[PDB]
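1. here's my sequence, what's the structure:
(2 chains)
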Protein chains: 2
Amino acid sequence: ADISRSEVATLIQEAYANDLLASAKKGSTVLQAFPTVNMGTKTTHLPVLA
Amino acid sequence: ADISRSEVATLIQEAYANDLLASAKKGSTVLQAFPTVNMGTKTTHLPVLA
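-> Numbers count the residues shown, from 1 in each chain, chains lettered A, B, ... in the order given. The structure is reproduced below:
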């Protein structure tokens, strides 16, 4: 009688797009706000006036 | 059997840093605010209308 969508299967293709995929990534706040010191070991001692 | 941080003892040296040590020193307010005079002797007389 006629050709439905099911009767032509994969001769109609379904497409892909990635317009919604690219989520942006956010850094640490405290690395942006405060000064860093590089440590070379587990402990550093910092004298402060008291 | 395995090696712990405590089992390594003082092969791991603790570090030091002076980052937090420095503090800015503050001068007298009155030496900023008022006109000063260089004295050459203990006592100076300044007459005023009374």
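2. show me which residues of chain A are close to chain B?
-> A:35, A:37, A:39-49 (Cβ under 8 Å from any Cβ of the partner chain). C-beta here means a position set from N, CA and C on the backbone, and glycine is covered the same way.
3. helices of chain A, start to end?
-> For chain A, helices defined by DSSP state H occupy the ranges A:29-33.
4. which parts of it are strands?
-> A:44-45 (DSSP state E).
5. okay, which residue is most central for chain A?
-> The centroid of chain A falls nearest to residue A:25 when counting by Cα atoms, centre = their mean (4.8 Å).
6. tell me the phi and psi of that residue?
-> The phi and psi values for residue A:25, taken as degrees, to the nearest 10, are phi -110, psi 130.
7. nearest to residue B:21 among the residues of chain A next to chain B?
-> Lowest distance from residue B:21 to those (Cβ to Cβ) belongs to residue A:47, with 5.3 Å.
8. follow-up on the earlier one: from residue B:40, how far off is the residue nearest to the centre of chain A?
-> 70 Å (Cβ to Cβ, to the nearest Å).
9. thinking again about what came up before, against chain B, how distant is the residue nearest to the centre of chain A?
-> Here the criterion is Cβ to the nearest Cβ, to the nearest Å. By it, residue A:25 lies 30 Å from chain B.
10. same check, this time on residue A:3
-> From residue A:3 to chain B the distance is 70 Å (Cβ to the nearest Cβ).
11. what about that residue, distance to residue A:49?
-> 87 Å.
12. just residue A:18 next, same as before
-> In terms of Cβ to Cβ, residue A:18 sits 56 Å off from residue A:49.
13. now do residue A:40
-> 25 Å.
14. got the end-to-end distance for stretch A:12-19?
-> Stretch A:12-19 stretches 22 Å from its first residue to its last (Cα to Cα, to the nearest Å).
15. now do that stretch: everything it contacts.
-> residue A:5 (Cβ atoms under 8 Å, 6 or more residues apart in numbering or on different chains).
16. repeat that with 6 Å
-> The contact list for stretch A:12-19 (Cβ atoms under 6 Å, 6 or more residues apart in numbering or on different chains) is empty.
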